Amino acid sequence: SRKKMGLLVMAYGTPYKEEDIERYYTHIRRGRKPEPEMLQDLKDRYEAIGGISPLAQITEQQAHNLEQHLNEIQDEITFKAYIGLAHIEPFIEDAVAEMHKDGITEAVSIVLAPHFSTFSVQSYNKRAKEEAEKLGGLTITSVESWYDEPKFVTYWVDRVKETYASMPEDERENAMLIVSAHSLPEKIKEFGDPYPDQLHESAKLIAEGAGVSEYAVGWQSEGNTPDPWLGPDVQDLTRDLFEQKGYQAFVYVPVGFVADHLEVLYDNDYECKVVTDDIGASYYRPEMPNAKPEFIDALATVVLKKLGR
């Protein structure tokens, strides 16, 4: 009766253990192994945020919770989740191969990044579908974006409202909300990539839903290829906006990220906090979705909507 489907949950990835950081970094660097000092600097960043070990566990918990919740809220499909990561084991291809081995013939995929981009989501979905094509007898339908799912917007609206209500009056009336996602090369716009437009729309939805009077859109975690990356960077944006108007509180909503990973714990909670401490402003960064029920329900709704169910 009740049919079985694979649930392919994809993400950029974080190593599960320190010994895999070098191979992760090499993958991200397109085969160029980091020099030893560069490797140690990355290791030191994971140490600085309390250790790498908790990070991969969040993605595990998200996939686990999403399977369980999807299987409780409807009876037509029994999902089995498989995690496929872009840059470290289990790779996207490994997950699809495991689905196929397990007898899955039909799967739905979702990327744990709400905005579509040609560099991330589209590439992950193509990798998944190419592996399925090689194995045969398995097809995948893929979610491309979900930033506009109302339950996801409401997660962030509610967290942002909570944070502003937490503030003393003078911060409330002199605060700036910075909404961000992972930078990519500006060149994606020459392929018509809507990624920046979707980040701006997330910011608009969240700011207006939360009743925030002043907000700005920034990017974080850019790379180092010489051609321009989407900007401004959140560190620069923070200072710039302070230099204009003297905000005494900054609230960071790294809406492009779904978990407490290095880009949030280091690039927001360390690098942006350095800047807010320097200028005398308070720092706030509301809880990331992680594996909390409200967020899992938002993702389950995304998946069921994709299937028309």
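One-based numbering along the sequence shown.
119-127 and 220-228 differ in mean CA B-factor, and the higher of the two is recorded for 220-228. Across the two stretches, 193-201 and 177-185, the PDB entry reports the greater mean Cα temperature factor for 177-185. In this entry, the residue among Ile88, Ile83, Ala165, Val108 with the greatest C-alpha B factor is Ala165. Based on the entry's C-alpha B-factors, the most elevated value among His64, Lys33, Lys273, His261 belongs to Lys33.
Among all modelled residues in this chain, the alpha-carbon of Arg159 has a temperature factor (C-alpha) in the middle third. Remark: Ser145 belongs to the middle third of its chain, ranked by C-alpha B-factor as recorded. Annotation for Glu60: CA B-factor lies in the middle third of the chain's modelled residues. When the modelled residues of the chain are ordered by their C-alpha B factor, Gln244 lands in the highest third.
Among all modelled residues in this chain, the alpha-carbon of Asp278 has a temperature factor (C-alpha) in the middle third.
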